[PDB]
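As stored in run_4.cif (mmCIF, C-alpha atoms and all ligand atoms):
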data_start
loop_
_atom_site.label_atom_id
_atom_site.label_comp_id
_atom_site.auth_asym_id
_atom_site.auth_seq_id
_atom_site.Cartn_x
_atom_site.Cartn_y
_atom_site.Cartn_z
CA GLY M 3 18.31 2.18 20.20
CA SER M 4 16.76 -1.32 20.38
CA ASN M 5 12.93 -1.15 20.26
CA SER M 6 9.70 -3.01 19.31
CA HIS M 7 8.48 -0.79 16.48
CA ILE M 8 7.32 -2.37 13.22
CA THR M 9 7.90 -0.99 9.75
CA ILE M 10 5.34 -1.27 6.99
CA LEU M 11 6.43 -0.55 3.44
CA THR M 12 4.31 -0.09 0.27
CA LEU M 13 5.61 -0.26 -3.34
CA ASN M 14 4.00 -0.66 -6.78
CA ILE M 15 6.64 -2.91 -8.41
CA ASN M 16 5.39 -2.74 -11.98
CA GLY M 17 5.59 -6.48 -12.66
CA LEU M 18 7.40 -9.58 -11.40
CA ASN M 19 7.24 -12.00 -14.29
CA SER M 20 10.96 -11.88 -15.11
CA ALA M 21 13.20 -13.78 -12.67
CA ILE M 22 15.73 -10.99 -12.31
CA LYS M 23 13.12 -8.38 -11.34
CA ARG M 24 12.14 -10.87 -8.57
CA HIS M 25 15.77 -11.10 -7.29
CA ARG M 26 16.22 -7.28 -7.53
CA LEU M 27 13.01 -7.01 -5.46
CA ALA M 28 14.29 -9.64 -2.96
CA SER M 29 17.56 -7.67 -2.67
CA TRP M 30 15.72 -4.40 -2.10
CA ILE M 31 13.40 -5.92 0.50
CA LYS M 32 16.35 -7.54 2.29
CA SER M 33 18.05 -4.13 2.47
CA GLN M 34 14.92 -2.23 3.64
CA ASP M 35 14.08 -5.00 6.10
CA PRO M 36 10.37 -4.23 6.57
CA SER M 37 8.27 -6.11 9.12
CA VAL M 38 5.43 -6.04 6.54
CA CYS M 39 5.68 -5.25 2.83
CA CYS M 40 2.61 -4.37 0.62
CA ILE M 41 3.37 -4.77 -3.06
CA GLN M 42 1.13 -3.75 -5.96
CA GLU M 43 1.09 -4.75 -9.68
CA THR M 44 2.88 -8.02 -9.37
CA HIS M 45 1.14 -9.01 -12.68
CA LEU M 46 1.27 -12.62 -11.54
CA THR M 47 -1.68 -14.81 -12.44
CA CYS M 48 -3.41 -16.99 -9.90
CA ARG M 49 -1.51 -19.90 -11.55
CA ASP M 50 1.92 -18.26 -11.03
CA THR M 51 1.75 -17.02 -7.46
CA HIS M 52 4.32 -19.57 -6.26
CA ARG M 53 6.97 -17.75 -8.32
CA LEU M 54 7.04 -15.06 -5.61
CA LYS M 55 9.42 -16.36 -2.96
CA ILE M 56 11.70 -14.05 -0.97
CA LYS M 57 14.24 -15.38 1.50
CA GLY M 58 13.45 -13.94 4.95
CA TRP M 59 9.79 -13.35 3.99
CA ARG M 60 8.26 -16.79 3.87
CA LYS M 61 4.68 -15.75 4.87
CA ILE M 62 3.10 -14.21 1.78
CA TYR M 63 -0.61 -13.57 1.03
CA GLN M 64 -1.57 -12.74 -2.56
CA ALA M 65 -4.68 -11.81 -4.54
CA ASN M 66 -4.41 -12.36 -8.31
CA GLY M 67 -6.58 -12.47 -11.40
CA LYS M 68 -6.27 -14.81 -14.42
CA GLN M 69 -4.16 -12.34 -16.46
CA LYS M 70 -0.67 -10.73 -16.21
CA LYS M 71 -2.43 -7.66 -14.88
CA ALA M 72 -2.91 -6.15 -11.34
CA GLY M 73 -1.77 -8.63 -8.60
CA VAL M 74 -1.15 -7.66 -5.00
CA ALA M 75 0.85 -9.25 -2.17
CA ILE M 76 1.47 -8.74 1.55
CA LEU M 77 4.76 -10.20 2.78
CA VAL M 78 5.57 -10.59 6.49
CA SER M 79 9.12 -10.95 7.71
CA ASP M 80 10.22 -14.22 9.40
CA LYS M 81 11.24 -12.03 12.39
CA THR M 82 7.61 -10.86 12.75
CA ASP M 83 4.93 -13.06 14.37
CA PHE M 84 1.73 -11.93 12.65
CA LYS M 85 -0.96 -14.46 13.55
CA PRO M 86 -3.74 -13.97 10.98
CA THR M 87 -7.40 -14.36 11.72
CA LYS M 88 -8.82 -13.26 8.36
CA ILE M 89 -7.51 -12.91 4.76
CA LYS M 90 -9.86 -11.46 2.14
CA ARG M 91 -8.57 -11.58 -1.46
CA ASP M 92 -10.11 -9.71 -4.37
CA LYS M 93 -11.01 -12.20 -7.07
CA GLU M 94 -9.80 -9.59 -9.67
CA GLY M 95 -6.41 -9.04 -7.92
CA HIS M 96 -6.83 -5.38 -6.93
CA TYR M 97 -6.80 -5.69 -3.14
CA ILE M 98 -6.08 -7.97 -0.22
CA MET M 99 -6.86 -7.48 3.47
CA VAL M 100 -5.17 -9.36 6.23
CA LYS M 101 -6.27 -9.08 9.86
CA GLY M 102 -4.48 -10.53 12.82
CA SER M 103 -2.22 -9.52 15.68
CA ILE M 104 1.46 -8.95 16.43
CA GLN M 105 2.44 -8.82 20.10
CA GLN M 106 -1.17 -9.27 21.23
CA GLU M 107 -1.84 -5.95 19.39
CA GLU M 108 -4.45 -6.15 16.67
CA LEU M 109 -3.73 -4.85 13.22
CA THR M 110 -5.75 -4.75 9.97
CA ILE M 111 -3.81 -4.18 6.76
CA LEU M 112 -5.53 -3.44 3.45
CA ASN M 113 -3.29 -3.39 0.37
CA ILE M 114 -4.96 -1.75 -2.64
CA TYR M 115 -4.13 -1.26 -6.32
CA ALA M 116 -6.90 0.98 -7.79
CA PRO M 117 -7.44 0.93 -11.57
CA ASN M 118 -6.20 3.84 -13.63
CA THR M 119 -9.79 4.70 -14.53
CA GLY M 120 -12.43 5.42 -11.89
CA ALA M 121 -9.95 5.08 -9.02
CA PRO M 122 -11.55 7.26 -6.34
CA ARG M 123 -14.98 5.58 -6.89
CA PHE M 124 -13.30 2.15 -6.78
CA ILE M 125 -11.58 2.82 -3.47
CA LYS M 126 -14.82 4.14 -1.87
CA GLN M 127 -16.59 0.97 -2.97
CA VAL M 128 -13.86 -1.27 -1.45
CA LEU M 129 -14.14 0.64 1.86
CA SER M 130 -17.91 0.07 1.91
CA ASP M 131 -17.59 -3.62 1.03
CA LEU M 132 -15.03 -4.04 3.81
CA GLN M 133 -16.76 -1.66 6.30
CA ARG M 134 -17.38 -4.29 8.94
CA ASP M 135 -13.69 -5.34 8.91
CA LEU M 136 -12.06 -1.88 8.86
CA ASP M 137 -11.79 -1.10 12.61
CA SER M 138 -9.73 1.35 14.77
CA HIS M 139 -6.56 -0.66 14.10
CA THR M 140 -6.53 -0.19 10.31
CA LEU M 141 -3.88 0.70 7.78
CA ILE M 142 -4.74 1.08 4.09
CA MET M 143 -1.90 1.37 1.74
CA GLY M 144 -1.10 1.19 -1.88
CA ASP M 145 -1.40 2.82 -5.22
CA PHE M 146 -4.68 4.71 -5.13
CA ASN M 147 -4.03 6.16 -8.60
CA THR M 148 -5.31 9.47 -7.28
CA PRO M 149 -4.13 12.43 -5.21
CA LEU M 150 -6.07 13.07 -1.97
CA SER M 151 -5.35 16.79 -1.64
CA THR M 152 -4.02 19.68 -3.79
CA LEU M 153 -0.49 19.26 -2.42
CA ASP M 154 -0.36 15.74 -3.92
CA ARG M 155 0.13 17.20 -7.43
CA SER M 156 2.66 19.56 -8.89
CA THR M 157 -0.19 21.27 -10.83
CA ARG M 158 -1.84 22.26 -7.54
CA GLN M 159 -5.21 21.55 -9.24
CA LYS M 160 -8.17 21.06 -6.81
CA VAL M 161 -9.21 17.43 -6.40
CA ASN M 162 -12.33 16.29 -8.30
CA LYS M 163 -15.83 15.47 -6.93
CA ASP M 164 -15.18 11.69 -6.78
CA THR M 165 -12.01 12.40 -4.73
CA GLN M 166 -14.03 14.75 -2.45
CA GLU M 167 -16.53 11.86 -1.98
CA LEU M 168 -13.66 9.48 -1.18
CA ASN M 169 -12.32 11.83 1.49
CA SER M 170 -15.81 12.11 3.05
CA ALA M 171 -16.02 8.31 3.18
CA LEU M 172 -12.54 8.06 4.81
CA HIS M 173 -13.71 10.58 7.44
CA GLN M 174 -16.98 8.65 8.12
CA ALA M 175 -14.80 5.55 8.81
CA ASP M 176 -12.44 7.48 11.18
CA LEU M 177 -9.57 7.19 8.73
CA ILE M 178 -6.98 9.86 7.90
CA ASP M 179 -4.09 10.30 5.46
CA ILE M 180 -1.22 9.51 7.83
CA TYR M 181 1.51 10.86 5.52
CA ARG M 182 -0.25 14.24 5.03
CA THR M 183 -1.06 14.49 8.76
CA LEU M 184 2.63 14.02 9.71
CA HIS M 185 3.84 16.18 6.79
CA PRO M 186 1.12 18.76 6.05
CA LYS M 187 3.34 21.02 3.89
CA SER M 188 5.05 18.18 1.93
CA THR M 189 5.54 18.54 -1.80
CA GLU M 190 7.12 15.15 -2.39
CA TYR M 191 5.88 12.80 -5.08
CA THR M 192 5.81 9.09 -5.92
CA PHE M 193 5.06 9.13 -9.65
CA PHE M 194 6.11 11.15 -12.71
CA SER M 195 3.85 11.55 -15.71
CA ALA M 196 5.96 12.18 -18.82
CA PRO M 197 3.06 13.17 -21.15
CA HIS M 198 2.41 16.35 -19.15
CA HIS M 199 5.74 16.65 -17.28
CA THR M 200 3.88 16.55 -14.00
CA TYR M 201 4.52 14.95 -10.63
CA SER M 202 2.13 13.39 -8.16
CA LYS M 203 1.74 11.50 -4.92
CA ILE M 204 -0.68 8.75 -5.91
CA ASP M 205 0.71 6.18 -3.42
CA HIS M 206 -0.71 6.57 0.08
CA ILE M 207 -0.78 5.43 3.62
CA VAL M 208 -4.16 5.93 5.25
CA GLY M 209 -5.17 4.67 8.72
CA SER M 210 -7.36 4.80 11.77
CA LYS M 211 -7.15 8.10 13.58
CA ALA M 212 -6.77 5.98 16.74
CA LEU M 213 -3.35 4.80 15.41
CA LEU M 214 -2.07 8.37 14.87
CA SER M 215 -0.17 8.62 18.17
CA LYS M 216 1.69 5.34 17.22
CA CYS M 217 2.92 6.70 13.89
CA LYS M 218 6.55 7.60 14.60
CA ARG M 219 7.94 8.31 11.11
CA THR M 220 6.93 8.02 7.48
CA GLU M 221 9.07 8.61 4.36
CA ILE M 222 9.21 8.19 0.61
CA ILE M 223 11.98 5.99 -0.92
CA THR M 224 13.08 6.49 -4.53
CA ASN M 225 14.31 3.36 -6.27
CA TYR M 226 15.55 1.78 -9.50
CA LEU M 227 13.00 -1.08 -9.42
CA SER M 228 9.84 0.55 -10.54
CA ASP M 229 8.13 3.66 -11.93
CA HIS M 230 6.77 4.37 -8.39
CA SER M 231 8.53 5.40 -5.25
CA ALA M 232 7.88 3.41 -2.03
CA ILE M 233 6.52 4.73 1.23
CA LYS M 234 7.53 3.45 4.67
CA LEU M 235 5.75 3.89 7.99
CA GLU M 236 7.38 3.17 11.35
CA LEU M 237 4.68 2.13 13.86
CA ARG M 238 4.97 1.83 17.67
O1 LIG X 301 1.25 -18.43 6.48
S1 LIG X 301 0.04 -18.56 7.29
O2 LIG X 301 -0.28 -17.30 7.96
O3 LIG X 301 -1.09 -19.09 6.51
#
Could you write out this file's structure as structure tokens?
Ligand SMILES: O=S([O-])[O-]
Amino acid sequence: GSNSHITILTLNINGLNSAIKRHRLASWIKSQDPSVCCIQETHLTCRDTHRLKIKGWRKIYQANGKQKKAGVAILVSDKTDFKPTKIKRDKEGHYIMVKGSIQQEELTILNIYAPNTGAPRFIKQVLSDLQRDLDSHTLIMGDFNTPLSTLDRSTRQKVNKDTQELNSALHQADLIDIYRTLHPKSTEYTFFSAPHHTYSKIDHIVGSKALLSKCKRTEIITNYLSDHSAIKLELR
């Protein structure tokens, strides 16, 4: 039935330098119809950001480096009135935060692409740097390049000390893994590693514990676009 929920989607797209990949992405976004879309690994340089244009999604905020490497973007649908108050872009293109409100209701979105190496330490550092901005209306999403619990890997291997430290930091900031909270017994994955034939959930949606009761539904979406599956959160 008709309602005022928003949907926030996160996808690591694995590059957007070829025109067709941009149209395939535009088609997929059009079909998913997210209020807000967090994309990682655009691989667009700070010179080439204007290449990313998606009909229906005219408001776009990007953080990019100088190389065809990393690159993150937050796209807001034309049907969504997100009045921003603050946009903080990583100079190296690994995260972007936008803060603002929809419907008089405040919302802080942090889109992160952690490096393959040192990911859990990287994410903890970003949280600390942004501590004053990450309030009780926060969603953090993206490709953390790490599991957060044992169920996030097919190996069932315990998570390392740096990941344990990351989880402590999340808890100190009143943040929780929304997907794992809604689906505690889930053994779904977003990424397949062919070298070891293993599967992992390295893409996450984390948020303020205060937003828990607003989190209606969250799901993983397989796709032909990328080597990562998307995740979608429906928020009251
Ligand atoms: O598109 S506006 O939010 O700068």
Counting all atoms listed in the file, what are the residues of chain M within 9 Å of ligand LIG 301 (chain X), and for each of them which pair of atoms is the nearest and at what distance in Å, to one decimal? Sort the table by chain and rising number, as a Markdown table.
| residue | atom | partner | partner_atom | distance |
| --- | --- | --- | --- | --- |
| M:60 | CA | X:LIG301 | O1 | 7.7 |
| M:61 | CA | X:LIG301 | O1 | 4.6 |
| M:62 | CA | X:LIG301 | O1 | 6.6 |
| M:63 | CA | X:LIG301 | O1 | 7.5 |
| M:78 | CA | X:LIG301 | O1 | 9.0 |
| M:84 | CA | X:LIG301 | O2 | 7.4 |
| M:85 | CA | X:LIG301 | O2 | 6.3 |
| M:86 | CA | X:LIG301 | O2 | 5.7 |
| M:87 | CA | X:LIG301 | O2 | 8.6 |
Requested in this report: Could you tell me how far atom CA of residue 104 of chain M lies from atom CA of residue 210 of chain M, in Å and to one decimal?
Outcome: 17.0 Å
Report task. Enter the distance from atom CA of residue 145 of chain M to atom CA of residue 227 of chain M, in Å, rounded to one decimal. Result ->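 So the answer is 15.5 Å.
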The centre and edge lengths of an axis-aligned box containing all atoms of segment 204-220 of chain M present in the file, extended by 6 Å on each side, are to be given in Å to one decimal, as JSON.
{"center_x": 0.3, "center_y": 6.7, "center_z": 6.1, "size_x": 27.3, "size_y": 16.1, "size_z": 36.1}
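When atom CA of residue 142 of chain M is paired with atom CA of residue 208 of chain M, their separation reads 5.0 Å.
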Query raised in the report: Looking at all atoms listed in the file, which of M:108, M:179, M:205, M:154 is the one that sits closest to residue 232 of chain M?
Result: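 Ranked by minimum distance to residue 232 of chain M, first place goes to M:205.
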Requested in this report: Write out as a list in words each polymer residue whose atoms come within 10 Å of segment 170-176 of chain M, counting all atoms listed in the file; drop sequence neighbours fewer than 6 positions from it.
Outcome: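 The residues that qualify are residues 125, 126, 127, 129, 130, 133, 136, 137, 138, 140, 164, 208, 209, 210, 211 and 212 of chain M.
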Requested in this report: Select all residues near (4.7, 15.2, -6.6) (cut-off 10 Å, inclusive, file coordinates), counting all atoms listed in the file, and output them as JSON, numbers by chain.
Outcome: {"M": [149, 153, 154, 155, 156, 157, 158, 188, 189, 190, 191, 192, 193, 194, 195, 200, 201, 202, 203, 204]}
Now that the selection is made, can you save its residues with C-alpha atoms as a PDB file, keeping the file's coordinate frame?
ATOM      1  CA  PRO M 149      -4.130  12.430  -5.210  1.00  0.00           C
ATOM      2  CA  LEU M 153      -0.490  19.260  -2.420  1.00  0.00           C
ATOM      3  CA  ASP M 154      -0.360  15.740  -3.920  1.00  0.00           C
ATOM      4  CA  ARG M 155       0.130  17.200  -7.430  1.00  0.00           C
ATOM      5  CA  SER M 156       2.660  19.560  -8.890  1.00  0.00           C
ATOM      6  CA  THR M 157      -0.190  21.270 -10.830  1.00  0.00           C
ATOM      7  CA  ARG M 158      -1.840  22.260  -7.540  1.00  0.00           C
ATOM      8  CA  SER M 188       5.050  18.180   1.930  1.00  0.00           C
ATOM      9  CA  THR M 189       5.540  18.540  -1.800  1.00  0.00           C
ATOM     10  CA  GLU M 190       7.120  15.150  -2.390  1.00  0.00           C
ATOM     11  CA  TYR M 191       5.880  12.800  -5.080  1.00  0.00           C
ATOM     12  CA  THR M 192       5.810   9.090  -5.920  1.00  0.00           C
ATOM     13  CA  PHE M 193       5.060   9.130  -9.650  1.00  0.00           C
ATOM     14  CA  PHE M 194       6.110  11.150 -12.710  1.00  0.00           C
ATOM     15  CA  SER M 195       3.850  11.550 -15.710  1.00  0.00           C
ATOM     16  CA  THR M 200       3.880  16.550 -14.000  1.00  0.00           C
ATOM     17  CA  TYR M 201       4.520  14.950 -10.630  1.00  0.00           C
ATOM     18  CA  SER M 202       2.130  13.390  -8.160  1.00  0.00           C
ATOM     19  CA  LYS M 203       1.740  11.500  -4.920  1.00  0.00           C
ATOM     20  CA  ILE M 204      -0.680   8.750  -5.910  1.00  0.00           C
TER      21      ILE M 204
END
Report task. Tell me which of M:217, M:22, M:207, M:161 sits closest to residue 182 of chain M, counting all atoms listed in the file. Result ->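 Smallest separation from residue 182 of chain M among the options: M:207.
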Spatial neighbours of residue 10 of chain M, max dist 9 Å, all atoms listed in the file, sep filter under 6 positions, as a JSON list (two decimals) with C-alpha atoms, in the coordinates of the input:
[["chain", "number", "residue", "atom", "x", "y", "z"],
["M", 36, "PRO", "CA", 10.37, -4.23, 6.57],
["M", 37, "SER", "CA", 8.27, -6.11, 9.12],
["M", 38, "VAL", "CA", 5.43, -6.04, 6.54],
["M", 39, "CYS", "CA", 5.68, -5.25, 2.83],
["M", 40, "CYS", "CA", 2.61, -4.37, 0.62],
["M", 233, "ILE", "CA", 6.52, 4.73, 1.23],
["M", 234, "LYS", "CA", 7.53, 3.45, 4.67],
["M", 235, "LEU", "CA", 5.75, 3.89, 7.99],
["M", 236, "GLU", "CA", 7.38, 3.17, 11.35],
["M", 237, "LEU", "CA", 4.68, 2.13, 13.86]]
Query raised in the report: Which residue, M:18, M:122, M:34, M:101, has the smallest gap to residue 72 of chain M when you use all atoms listed in the file?
Result: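 Closest to residue 72 of chain M, using all atoms listed in the file: M:18.
Compared by their closest atoms to residue 76 of chain M, and using all atoms listed in the file, the residues M:132, M:196, M:116, M:89 rank with M:89 nearest.
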Within 7 Å of (5.6, -10.0, -11.8) in the file's own coordinates, which protein, DNA or RNA residues have an atom, counting only C-alpha atoms? List them as a PDB file with C-alpha atoms, in the frame of the given file.
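Everything below was put into part-v8.pdb:
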ATOM      1  CA  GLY M  17       5.590  -6.480 -12.660  1.00  0.00           C
ATOM      2  CA  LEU M  18       7.400  -9.580 -11.400  1.00  0.00           C
ATOM      3  CA  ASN M  19       7.240 -12.000 -14.290  1.00  0.00           C
ATOM      4  CA  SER M  20      10.960 -11.880 -15.110  1.00  0.00           C
ATOM      5  CA  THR M  44       2.880  -8.020  -9.370  1.00  0.00           C
ATOM      6  CA  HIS M  45       1.140  -9.010 -12.680  1.00  0.00           C
ATOM      7  CA  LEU M  46       1.270 -12.620 -11.540  1.00  0.00           C
TER       8      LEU M  46
END
Requested in this report: Determine, counting only C-alpha atoms, which protein, DNA and RNA residues have an atom within 10 Å of an atom of residue 48 of chain M; residues of the same chain fewer than 5 positions away are not included. Present the result as a PyMOL selection string.
Outcome: chain M and resi 64-70+73+93-95
Report summary line: Using all atoms listed in the file, the shortest atom-to-atom distance to residue 109 of chain M among M:221, M:199, M:27, M:213 belongs to M:213
